Amino acid sequence: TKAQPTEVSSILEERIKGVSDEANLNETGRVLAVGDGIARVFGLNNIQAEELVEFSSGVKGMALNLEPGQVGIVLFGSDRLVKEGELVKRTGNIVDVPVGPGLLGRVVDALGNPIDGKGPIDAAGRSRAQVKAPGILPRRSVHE
Amino acid sequence: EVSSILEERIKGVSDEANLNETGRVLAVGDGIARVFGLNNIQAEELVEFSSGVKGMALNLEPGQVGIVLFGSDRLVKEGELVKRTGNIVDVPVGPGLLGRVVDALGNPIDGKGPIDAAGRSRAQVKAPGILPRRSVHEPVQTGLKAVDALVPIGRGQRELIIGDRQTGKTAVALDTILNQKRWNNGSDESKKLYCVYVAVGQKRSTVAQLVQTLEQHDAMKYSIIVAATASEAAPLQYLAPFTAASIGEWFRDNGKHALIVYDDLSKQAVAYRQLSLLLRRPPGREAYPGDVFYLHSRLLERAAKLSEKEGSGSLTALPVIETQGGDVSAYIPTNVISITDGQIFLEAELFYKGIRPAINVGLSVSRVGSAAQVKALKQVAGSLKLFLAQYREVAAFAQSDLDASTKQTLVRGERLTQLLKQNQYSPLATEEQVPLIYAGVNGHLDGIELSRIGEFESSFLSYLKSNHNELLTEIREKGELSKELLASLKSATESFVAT
Amino acid sequence: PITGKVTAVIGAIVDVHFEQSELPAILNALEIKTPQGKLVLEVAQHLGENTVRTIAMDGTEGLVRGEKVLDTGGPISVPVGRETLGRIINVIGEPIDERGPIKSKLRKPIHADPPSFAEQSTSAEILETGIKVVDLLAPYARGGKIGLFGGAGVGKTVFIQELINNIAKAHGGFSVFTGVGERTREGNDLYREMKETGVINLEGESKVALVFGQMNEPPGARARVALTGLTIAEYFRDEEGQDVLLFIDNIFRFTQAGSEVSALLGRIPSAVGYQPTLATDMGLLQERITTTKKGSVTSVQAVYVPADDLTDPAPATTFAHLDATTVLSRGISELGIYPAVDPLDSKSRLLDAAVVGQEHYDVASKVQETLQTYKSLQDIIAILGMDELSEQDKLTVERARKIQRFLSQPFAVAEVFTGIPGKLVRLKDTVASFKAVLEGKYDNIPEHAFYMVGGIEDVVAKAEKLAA
Amino acid sequence: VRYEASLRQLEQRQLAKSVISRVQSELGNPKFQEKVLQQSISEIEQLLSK
Amino acid sequence: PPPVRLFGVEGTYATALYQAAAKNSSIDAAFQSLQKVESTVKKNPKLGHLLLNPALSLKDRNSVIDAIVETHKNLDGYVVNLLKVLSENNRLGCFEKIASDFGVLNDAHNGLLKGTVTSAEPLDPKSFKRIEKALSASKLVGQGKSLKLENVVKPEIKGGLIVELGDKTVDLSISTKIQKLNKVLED
């Protein structure tokens, strides 16, 4: 008739068997269709939008498509490390990167991993990647 | 009479069948019957319907196998047993195709007779390796002085013929076969080029003229004409060069040589476009499949001059690509241009200027070079290339007042241009190619007026034959030009210019 | 064992459905035993229900659906050793030199990650060559990619051969000529020439290892020939220490192969049709060519520009990766100059006043300025006459035409073919020669007697003997 | 010659409608029964031979 | 997992059900009860026609299931959990689709093949038996794979018969023989 991400036999079999979906699909997922640096996970109902998820792959990902009972993550990580039916655990936090004062004099990659290696991370806080820019009233005339 | 025919026809349905694996059409639309069954099924396997049509199965889908029909949909109808022929596409190979116009399956459409065949061999066969190949020493002669010298061609070699249709695109190709008649007479079967003309998307009326022309010039007896006509279905068109190549492999394998001229692989491309789009497989650039490149590469790299490991035999090829503006930019030309070694670039401007068939030989190139050229013909035609090279540049000041050097180039060059004119279906012996270029090189043509070049040619040749057809016979047999022979030749030409 | 039955063959994209809990990982290597020997499929997706989507590395003809497959478990592991040298090796790591089973002790996965910041070039040094022209006018870098331009007709293949010899002297290196989208005719020519010029000496040593990937070989295998070549190179660099120089043929035909596989994979073609993953794939390929602590790979590539439409992403991206370009010209070779390098086209970023020193930079600028002025001068020289132009101007032109001749040096590899012993000249003696030539001391010597020579000192002798 | 050849083709078409007539004869008669029975036993003969 | 794949197509439901109910070993019960509740559901004209129709909502469908579970109880509660799933998935027209498939899987587990003797007439009992015998005699019906052979009468086929089973058919019909004969006597 139509195609649904619940047509999957393992999904159906859990439902047919009347098996519970609490806290294994509310905060854990199991990976379904994965490939092309995007993964489709079943569950994670307590996922926040643009949360950081940590896969059992080790890969971390930012939820892009929050779909009814499905999430389409983007893998910040190689597909090599990812296999189908991996367990995706909520990192629980919106994508934030460490921010602070003592990052001067050290290369970091986007996650914050020092990729010059130098500088074991010293960062005061972490702050969400997407931040809405200050208002009109926040701005003031340039002169320096 | 009608009875003799009845007995044959009844004999042709005598002997009861006994079916095995079948599939049944669920729905048939757009030449894509979707069949339930055919659990086991070789890829590119032939399946024969209960409408009798044959097909191949480009999509093997998981629970239904999406057959591609080689024919009309009317014949097919819902719920139709689709017997599994159980044989991948194969076509007869053997000497029985010689002097036969056959359809793709191999059925003589000329009906001149059933094919004597030692095998039916599958359509797509992988290319011969690095070490199976060997350097091409043998030239192939077209009987057109310019092609044989300016664009020296060999045997095994694959070289493009990109040009606009009906300028005697087919004529240029046909001319080679006729000069190859001479070679064919020559006993050795590396000299018996058993040519294969692959007519793709060409109407039967035109191909009837071609067949008759080949017969007229008595060349249709080592020829094979593979016919996939304009109306003939796109699977047949797609596989027509592939199947045709397999025939070619048989000659090559036997150590013999042959020439396969694919005209035009552009329509082979178009047929694949029809197939791909209908199989929902994405069409590439210019709505022409992206792995059409992959097809062309497989087909064109089966053409090879083998080594003595696999016997020194060959399969010369000459793919023809049809252009509508000379748009080499176009995806299908770009691909073919890359694959081929050498190009022949035939151009309209020349046609108008009375060179019919018309070739722009400034924009023709060879990337297999003069290693496949007669040593003799090479010797007396290096000069020609340089004079003509200057002539191109100095044609850009031709239209008044000019330095003597420029004007001199024009005199030799205009005479040469007239000498390099040629009309359809005139092949010319190597022993007469060698003299004509020598004259031009020595600037002996300069004196004899442009209009009188035509008169000069026939007269010169007869005069050479009368004076010394011993010399001519020496050119042919020695195959090399001894200094004494060129001395004499120079004297002879001077004498001929005098009268 | 991990087994599955083929459940589709739509195109050459073969989906295999495996019994559950035999979970694959992306980039695995599957081998289907076939009457074609094997069909090697590489898992590039998981379609769930323990089904995959793969690409093929071998032909897909005559497949009977439902064939059992066995999963190796990861990227194909391609033989490495010094046994691979002088062997044309197919994608599946099998002889296409046909010299039989290679005795390559260890094999290593083809998909691999690029080195860390530390094991990437932190400072770049000039890998030496015997060709003076190369070491002046386009100095080769350690880790660097210097992409050759100017096709065979400039003696490109012979130039490449010369480089193999030079590399061997230079470091101790080896090479691997990897050919992408090979014309099988050209491949034959290369093998025969390479044997003859002894870069592959069967009895002797073979420096260069050959991997040829014909156009006919499926697009998936066309994409993976490059990575396979690279794996051998990294074994040389990392595990034999040796610097290597890896030739690539058309990276346009690399692009074309990748583009096709993207469309097959269903991925939307990006601009001009080129794959959406063009950057990252090239990125991996050209970041596994770098200077590790051990050796360094360096890659000389052939760029088949699409009708000089450099604007297009495939050339633009290629030029983005290439550090320097050496632009051989057919005009130059027609002025009898072998090296056929046209330095007014060849441009390098490795000519800097740090990379090769300030003195070298200034000297280079002078030699270039001399040539540039000479070229412009030749424009008006033809009409005006050289003798009618300034004493300074004809001094420059005279010196230049002599310099131009001095650039030419016989090639060691083709010493047999020319009959002229080649020259392997080190960087220091290159610098010395041009300084003196700039002061034109021994450039008061006829052009023909300053023709086809190596170092300045050598041609002092030749000058005298010619005159005598 | 032309009309002779045309007549020969016309004869085949005349006999074509006669073939149709003879088909109708098979489908009516207890040849319809007897020869279906023959197909049944033939199918048995083939299928036992498998 | 299932011993045979129907390659889904709502056979994915059947498969999932099959393995779940196979380990619950309640597939015969399920199938029979499923047939039984279906027969009387179908014979409820509203929602035996409109059940196929997709007029019903999510909420209206759920209320249909509540009526359905009033119609019978038990006999595999995994197919009762299936009813809920199917209403939720809003498909209840390809319900009998799943039923047919489940029957095939069920009887596949039992190891039973279904063949057919499509014919133009209802054949002799001698013919029925002889063909059934013949099929078992041939390796085509292997052992443990039983035979239900159903002769069917089809008017479209004019005379003769085609025996089908094992996706191998032997078609000794008059219609097909006639087709080739006619063709060659028109060619």
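Scanning region E:9-26 for residues that are within 8 Å of chain A (Cβ to nearest Cβ), closer than 13 Å to E:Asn106 by Cβ and within 16 Å of the chain's Cα centre (by Cα) turns up E:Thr15, E:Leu17.
Name the single residue, out of those in region B:130-176 being touching a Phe, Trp or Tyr at 6+ places or on another chain (Cβ under 8 Å) and farther than 30 Å from C:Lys195 by Cα, that is nearest to the other protein chains (Cβ to nearest Cβ). Among residues in region B:130-176 that are touching a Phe, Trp or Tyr at 6+ places or on another chain (Cβ under 8 Å) and farther than 30 Å from C:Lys195 by Cα, the one nearest to the other protein chains (Cβ to nearest Cβ) is B:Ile162.
In region E:127-141, the condition of being of a type in the set (A, V, I, L, M, F, W, C) and under 25 Å from B:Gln64 (Cα atoms) is met by at least one residue. All conditions in (1) crowded, with 21+ Cβ neighbours inside 10 Å; (2) touching a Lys or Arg at 6+ places or on another chain (Cβ under 9 Å); (3) of a type in the set (A, V, I, L, M, F, W, C) hold for B:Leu299, with the sole exception of (2).
Only one entry in C:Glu217, C:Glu162, C:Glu203, C:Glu234 is of a type outside the set (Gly, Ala, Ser), assigned to a loop (DSSP other than H, G, I, E, B), away from chain B (no Cβ under 14 Å) and at negative phi, namely C:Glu203. Restricting region B:142-198 to residues that are among the β-branched types (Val, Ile, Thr) and assigned to a helix (DSSP H, G or I), the residue that is nearest to B:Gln324 (Cα to Cα) is B:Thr170. Looking across region D:15-50, the residues that are within 7 Å of another protein chain (Cβ to nearest Cβ) and over 15 Å from the mean Cα position of the chain (by Cα) come down to D:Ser40, D:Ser42, D:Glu43, D:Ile44, D:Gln46, D:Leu47, D:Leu48, D:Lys50. Just one of (1) charged (D, E, K, R); (2) within 11 Å of chain C (Cβ to nearest Cβ); (3) more than 27 Å from B:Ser246 (Cβ to Cβ) fails for B:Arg367. It is (3). Checking C:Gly295, C:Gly258, C:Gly283 one by one, the residue that is within 14 Å of chain B (Cβ to nearest Cβ) and not hydrophobic (A, V, I, L, M, F, W, C) is C:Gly258 and no other.
Within region C:260-308, the set of residues being in contact with a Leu (Cβ under 8 Å, 6 or more places away or on another chain), in a loop (DSSP other than H, G, I, E, B) and either buried (at least 24 other Cβ atoms within 10 Å of the Cβ) or of a type in the set (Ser, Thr, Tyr) (or both) comprises C:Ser270, C:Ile289, C:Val297, C:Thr298.
For the criterion of being of a type outside the set (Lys, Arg) and farther than 30 Å from C:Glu182 by Cα, B:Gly413 passes.
Within this structure, C:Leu30 passes the test of being surrounded by 15 or more Cβ atoms within 10 Å (Cβ to Cβ), touching a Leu at 6+ places or on another chain (Cβ under 7 Å), assigned to a strand (DSSP E or B) and not assigned by CATH to the domain that holds C:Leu344. A single member of C:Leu85, C:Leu136 is in the same structural domain as C:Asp189 (by CATH), part of a loop (DSSP other than H, G, I, E, B) and closer than 29 Å to C:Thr326 by Cβ, and it is C:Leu85. The selection criterion, being away from chain D (no Cβ under 11 Å), surrounded by 14 or more Cβ atoms within 10 Å (Cβ to Cβ) and within 22 Å of the chain's Cα centre (by Cα), holds for E:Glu164.
Taken together, the residues in region C:53-82 that are part of a strand (DSSP E or B) and at the interface with another protein chain (Cβ under 9 Å from one of its Cβ atoms) amount to 1. Restricting attention to region A:112-127, the residues that are surrounded by 13 or more Cβ atoms within 10 Å (Cβ to Cβ) and either in contact with a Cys (Cβ under 8 Å, 6 or more places away or on another chain) or closer than 16 Å to A:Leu52 by Cα (or both) add up to 3. Working only within region B:274-284, note down all residues that are facing another protein chain (nearest Cβ under 8 Å) and touching a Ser or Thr at 6+ places or on another chain (Cβ under 9 Å). Hits for region B:274-284 are B:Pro282, B:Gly284. Do the conditions hold for E:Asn74, that is, is it away from chain B (no Cβ under 14 Å) and loosely packed, with under 14 Cβ neighbours inside 10 Å? Spelling it out, E:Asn74 is indeed away from chain B (no Cβ under 14 Å) and loosely packed, with under 14 Cβ neighbours inside 10 Å.
Among the residues making up region A:78-98, those that are within 11 Å of another protein chain (Cβ to nearest Cβ) and either surrounded by 18 or more Cβ atoms within 10 Å (Cβ to Cβ) or at positive phi (or both) are A:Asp79, A:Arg80, A:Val82, A:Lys83, A:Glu84, A:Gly85, A:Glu86.
Taking region E:98-166 and the strands (runs of 3 or more DSSP E) fully enclosed by it, the elements with 3 or more residues that are β-branched (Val, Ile, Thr) and closer than 29 Å to E:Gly11 by Cβ are at E:112-119. If the condition is being among the aliphatic types (A, V, I, L, M), part of a helix (DSSP H, G or I) and surrounded by 14 or more Cβ atoms within 10 Å (Cβ to Cβ), then region C:433-468 contributes C:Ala436, C:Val437, C:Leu438, C:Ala449, C:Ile456, C:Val459, C:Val460, C:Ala463, C:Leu466. Taking the criterion of being of a type outside the set (A, V, I, L, M), within 14 Å of another protein chain (Cβ to nearest Cβ) and closer than 30 Å to C:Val413 by Cα, the residues of region C:92-146 that qualify are C:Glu94, C:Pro95, C:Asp97, C:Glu98, C:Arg99, C:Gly100. State whether one or more residues within region B:90-100 are out of contact with any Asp or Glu (no Cβ under 7 Å at 6 or more places or on another chain), over 21 Å from B:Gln42 (Cβ atoms), within 14 Å of chain C (Cβ to nearest Cβ) and buried (at least 17 other Cβ atoms within 10 Å of the Cβ). No, region B:90-100 has no match at all. Of the residues that make up region C:249-263, is at least one of a type in the set (D, E, K, R), out of contact with any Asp or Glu (no Cβ under 8 Å at 6 or more places or on another chain) and either assigned by CATH to the domain that holds C:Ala302 or closer than 21 Å to C:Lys103 by Cα (or both)? Checking region C:249-263: at least one residue is of a type in the set (D, E, K, R), out of contact with any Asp or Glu (no Cβ under 8 Å at 6 or more places or on another chain) and either assigned by CATH to the domain that holds C:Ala302 or closer than 21 Å to C:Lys103 by Cα (or both).
We place every Cβ from the backbone using ideal geometry, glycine too, and count neighbours over all the protein chains shown. Numbers and lists here come from the model and the stated rules, or from a named source; these are not laboratory values.
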